[PDB]
Amino acid sequence: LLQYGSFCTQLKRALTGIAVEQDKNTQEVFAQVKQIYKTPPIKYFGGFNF
Amino acid sequence: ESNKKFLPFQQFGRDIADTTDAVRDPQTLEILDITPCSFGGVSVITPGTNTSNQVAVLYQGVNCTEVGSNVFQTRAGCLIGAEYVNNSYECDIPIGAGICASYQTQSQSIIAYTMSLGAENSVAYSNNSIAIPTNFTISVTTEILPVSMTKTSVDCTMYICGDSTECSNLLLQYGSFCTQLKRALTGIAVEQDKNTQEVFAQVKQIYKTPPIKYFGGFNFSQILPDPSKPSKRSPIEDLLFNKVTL
Amino acid sequence: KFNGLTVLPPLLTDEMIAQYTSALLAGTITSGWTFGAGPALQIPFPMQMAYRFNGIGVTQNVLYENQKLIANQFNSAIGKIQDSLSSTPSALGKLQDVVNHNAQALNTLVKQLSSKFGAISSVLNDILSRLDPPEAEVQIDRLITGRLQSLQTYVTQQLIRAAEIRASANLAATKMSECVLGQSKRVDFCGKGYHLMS
Amino acid sequence: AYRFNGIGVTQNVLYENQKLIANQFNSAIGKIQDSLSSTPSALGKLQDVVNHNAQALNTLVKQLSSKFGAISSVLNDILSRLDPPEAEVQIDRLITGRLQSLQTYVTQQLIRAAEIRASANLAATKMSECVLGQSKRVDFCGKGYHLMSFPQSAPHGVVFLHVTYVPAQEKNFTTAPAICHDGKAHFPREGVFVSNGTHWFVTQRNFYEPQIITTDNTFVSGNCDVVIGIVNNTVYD
Ligand SMILES: *[C@@H]1O[C@H](CO)[C@@H](O)[C@H](O)[C@H]1NC(C)=O
Ligand SMILES: *[C@@H]1O[C@H](CO)[C@@H](O)[C@H](O)[C@H]1NC(C)=O
Ligand SMILES: *[C@@H]1O[C@H](CO)[C@@H](O)[C@H](O)[C@H]1NC(C)=O
Ligand SMILES: *[C@@H]1O[C@H](CO)[C@@H](O)[C@H](O)[C@H]1NC(C)=O
Ligand SMILES: *[C@@H]1O[C@H](CO)[C@@H](O)[C@H](O)[C@H]1NC(C)=O
Ligand SMILES: *[C@@H]1O[C@H](CO)[C@@H](O)[C@H](O)[C@H]1NC(C)=O
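Protein chains in written order, with the authors' numbering: chain S, 753 to 802; chain W, 554 to 620, 639 to 677, 689 to 828; chain C, 854 to 1051; chain U, 903 to 1139.
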């Protein structure tokens, strides 16, 4: 197989790029805010139920 | 040892993937399960060579029992050469399920930790209180977007056969793949031109700025073209063209 | 664990994504759209909802005189959502298709290892221990070619799928930015009707 | 001032703060060159294209030295070293390998071109919507409240400079939904009722500017016994 060439390097590169893009997708979609806000202990909002 | 109920006439065993996973000993009638030996990949974590030469090694998906003194077991595998701490920082080098690694002076060493999402905050909601701003700020941000790429063309005969007539005659027997290749490359090049044409050619008139550069106190010298230099580019454009180099 | 095929864990765990979602919910409940363009500013919820009513083109007194009815309608609509999700069998087909496609691709790639491609056998170990070196290469070459072709096909299919997945993720990010952190005026972009919140 | 009115702030806010806004804009513009120069990976997106193209071409060129199961990887020697009736067996393998390499390269190029076209379409839409006008979409032309944008050209790409308005220096206040007077409810036309502790004013959206409550900035439209949390105070005429 070593005589054929360097197809496996290309395959590995493609798979690694796919994985990195997969991580970046969730990073872009969900990590929108830079602060971790917390809801108040009392759950009254004028009659709205959450 | 196998808990498999072999009928008195079967000899081997198979699975969904159709591979051997059980066998009976000819000398002693006993069913035995066969499992593949441990294997995996190795990753090397290191800062820049300008910083240091210390490295850490991650064996992916391997229990630490199978494989300097500091060894850690993450859900991504076995980590060797790094120390774990409670301190949570922003991620520096991603590793696995919420685990990151960094080069910290503590002296200098490689540490592993759990990534931190951000700073905790809690706004004071109430029945009849509001918050109103009393001042403002003007901010300027940048965004970078690619448009086009290089256009290339390939000759089949010169690449495959060079100048050999016998090779050309042999290749002529295969078919008409080269016509398709040429068509694809030509289409790619035409689309590459069309991308810039659509992005930049928005206006049909060439407007010119007035000779006097007064706009009520606003300074636009950094983005307007510079007539002193020959290529007529703004300083920011000069910096952009100098930064990107093959 | 297959033959050289491994699955890598994602960088972010499920708990971290849940924390992000909870932070977004708390911000949009306690501050409105202010926290999406700067510091978060407190405001009572009925005042914010009256502001949204004014945004869609209705005066505030319409809401302030119908607070209980609007709250009851919102509560009932929220309550019906769980039943609607549970009753429909194909409610989450889009998310199941990804897992089905990945499993099918991996199963096909694994199953391709049992083909002979024109050799005496599909196992290298027996050929090594049954023939001699000067004649095993002829059998080995065909297996090599077939397995290389299978790997190339799998990689191409994975790339083609990843492109579409990236497009869907970009659309989801745009929707999160425009429908959750603010109020949209684009028609049929954040639901059917006049958009209020998400 | 028209753009300030577009984002929801009155003109007198700008006309009374012209020098400060100009100074802030000048400083923000000045910091951009330093920000671009200091960051090493500021222009990675544009460098990735060149890197990918060079890597693909280098791999395609390097593939010409493989033998693919022949005596040699050079046709010229085989032609001058063997005879016609036996050179075809060696030539066929080289032909097949080089054809496969060319097909792989072409497929990769097409797959990359699709993504490049998508990015170009997004850039064109951004140029149309953020530069030729003022956008109200959130986080589409920067972070904050969009004011304007400026384009610049870069190798194989474009750079957008977005100018945005960010509030600052907030303060606590006490508010009420409506004001009761003479058995009549009063709602603000535009703004919100505010109180410093002893008196009630009406202020605008994103800038503290109290005003005396009058019939010219309110409408009655209702009664006093329906609104929850109403606060009663005098209304001047
Ligand atoms: C590693 O081996 C030990 C042996 O007792 C076992 O308890 C542990 O669960 C193994 N680790 C994993 C991740 O399976
Ligand atoms: C994190 O803190 C806990 C507290 O009990 C401790 O048990 C654990 O060892 C700490 N992790 C370290 C030191 O890596
Ligand atoms: C807010 O107002 C409601 C009346 O609708 C009242 O029941 C509640 O106690 C108030 N909140 C607090 C914190 O007192
Ligand atoms: C507004 O009130 C809250 C609660 O009293 C307080 O924590 C916050 O600091 C106040 N805002 C400012 C700008 O001081
Ligand atoms: C609130 O406004 C009135 C009107 O001028 C003023 O007299 C009063 O002092 C203000 N309250 C405080 C705490 O300054
Ligand atoms: C004005 O408000 C006070 C306090 O809420 C209330 O006691 C009083 O009855 C109101 N005035 C009238 C005329 O109802």
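From the three backbone atoms N, C-alpha and C, an ideal C-beta is built for every residue, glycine too.
Pick helix, strand or coil for residue i, following the three-state DSSP scheme.
{"i": "residue 1059 of chain U", "result": "strand"}
{"i": "residue 731 of chain W", "result": "coil"}
{"i": "residue 586 of chain W", "result": "strand"}
{"i": "residue 662 of chain W", "result": "coil"}
{"i": "residue 611 of chain W", "result": "strand"}
{"i": "residue 575 of chain W", "result": "strand"}
{"i": "residue 1044 of chain C", "result": "coil"}
{"i": "residue 1101 of chain U", "result": "coil"}
{"i": "residue 999 of chain C", "result": "helix"}
{"i": "residue 784 of chain S", "result": "coil"}
{"i": "residue 977 of chain C", "result": "helix"}
{"i": "residue 648 of chain W", "result": "strand"}
{"i": "residue 757 of chain S", "result": "coil"}
{"i": "residue 1090 of chain U", "result": "strand"}
{"i": "residue 1126 of chain U", "result": "coil"}
{"i": "residue 868 of chain C", "result": "helix"}
{"i": "residue 824 of chain W", "result": "helix"}
{"i": "residue 1082 of chain U", "result": "strand"}
What number of angstroms, rounded off, separates the C-alpha of residue i from the C-alpha of residue j?
{"i": "residue 604 of chain W", "j": "residue 674 of chain W", "result": "9 Å"}
{"i": "residue 1041 of chain U", "j": "residue 1031 of chain C", "result": "8 Å"}
{"i": "residue 1018 of chain U", "j": "residue 773 of chain S", "result": "15 Å"}
{"i": "residue 608 of chain W", "j": "residue 656 of chain W", "result": "18 Å"}
{"i": "residue 895 of chain C", "j": "residue 792 of chain S", "result": "12 Å"}
{"i": "residue 813 of chain W", "j": "residue 855 of chain C", "result": "59 Å"}
{"i": "residue 972 of chain U", "j": "residue 995 of chain C", "result": "16 Å"}
{"i": "residue 1085 of chain U", "j": "residue 1127 of chain U", "result": "8 Å"}
{"i": "residue 1079 of chain U", "j": "residue 914 of chain C", "result": "10 Å"}
{"i": "residue 716 of chain W", "j": "residue 1107 of chain U", "result": "11 Å"}
{"i": "residue 586 of chain W", "j": "residue 1007 of chain C", "result": "31 Å"}
{"i": "residue 733 of chain W", "j": "residue 770 of chain W", "result": "7 Å"}
{"i": "residue 823 of chain W", "j": "residue 1035 of chain C", "result": "37 Å"}
{"i": "residue 1005 of chain U", "j": "residue 763 of chain W", "result": "8 Å"}
{"i": "residue 1075 of chain U", "j": "residue 1104 of chain U", "result": "12 Å"}
Given residue i, which residues of its chain have a CB within under 7 Å of its CB, disregarding the five upstream and five downstream residues?
{"i": "residue 1052 of chain U", "result": "1063"}
{"i": "residue 1003 of chain U", "result": "962 and 965"}
{"i": "residue 1124 of chain U", "result": "1087"}
{"i": "residue 938 of chain C", "result": "944"}
{"i": "residue 596 of chain W", "result": "611 and 613"}
Are the C-beta of residue i and some C-beta of chain C separated by less than 8 Å?
{"i": "residue 1037 of chain U", "result": "no"}
{"i": "residue 1128 of chain U", "result": "yes"}
{"i": "residue 818 of chain W", "result": "no"}
{"i": "residue 605 of chain W", "result": "no"}
Any beta carbon from chain D within less than 8 Å of residue i's own beta carbon?
{"i": "residue 965 of chain U", "result": "Among the chains of the structure shown, chain D does not appear; the protein chains present are S, W, C and U."}
Could you confirm whether any beta carbon from chain S is found closer than 8 Å to the beta carbon of residue i?
{"i": "residue 1085 of chain U", "result": "no"}
{"i": "residue 961 of chain U", "result": "yes"}
{"i": "residue 727 of chain W", "result": "no"}
{"i": "residue 975 of chain U", "result": "no"}
{"i": "residue 699 of chain W", "result": "yes"}
For residue i and chain W, any beta-carbon pair shorter than 8 Å?
{"i": "residue 902 of chain C", "result": "no"}
{"i": "residue 787 of chain S", "result": "yes"}
{"i": "residue 972 of chain U", "result": "no"}
Let me see if you follow: with CB-CB separation under 8 Å, is residue i close to chain U or not?
{"i": "residue 757 of chain W", "result": "no"}
{"i": "residue 762 of chain S", "result": "yes"}
{"i": "residue 652 of chain W", "result": "no"}
{"i": "residue 749 of chain W", "result": "yes"}
Apart from the five residues just before and just after residue i, which ones in its own chain have a Cβ nearer than 6 Å to its Cβ?
{"i": "residue 614 of chain W", "result": "593 and 648"}
{"i": "residue 644 of chain W", "result": "617"}
Starting from the C-beta of residue i, find all residues in its chain whose C-beta is less than 8 Å away, skip the five residues before and the five after it, and write them out in chain order.
{"i": "residue 927 of chain U", "result": "1065"}
{"i": "residue 666 of chain W", "result": "598, 611, 645, 647, 650, 672 and 694"}
{"i": "residue 1043 of chain C", "result": "1028, 1031, 1032, 1037 and 1051"}
task = Report all residues for which the CB-ligand distance to some heavy atom of ligand 2 is below 7 Å; order them along the chain.
result = W:655, W:656 and W:657
inquiry  = Run the Cβ filter for me: residues under 6 Å from any heavy atom of ligand 1, listed in the order they occur in the chain.
reply    = W:616 and W:618
task = Closer than 7 Å is what we want: which residues have a beta carbon that near any heavy atom of ligand 3? List them in chain order.
result = S:794, S:796, S:798, W:708, W:709 and U:1130
ask   = Can you list every residue whose CB sits closer than 6 Å to some heavy atom of ligand 4, going in chain order?
value = W:706, W:713, U:1072, U:1073 and U:1074
key: Those residues, in chain order, that have a beta-carbon closer than 7 Å to some heavy atom of ligand 7   = Only ligand 1, ligand 2, ligand 3, ligand 4, ligand 5 and ligand 6 can be found as ligands here, which leaves ligand 7 out of the picture.
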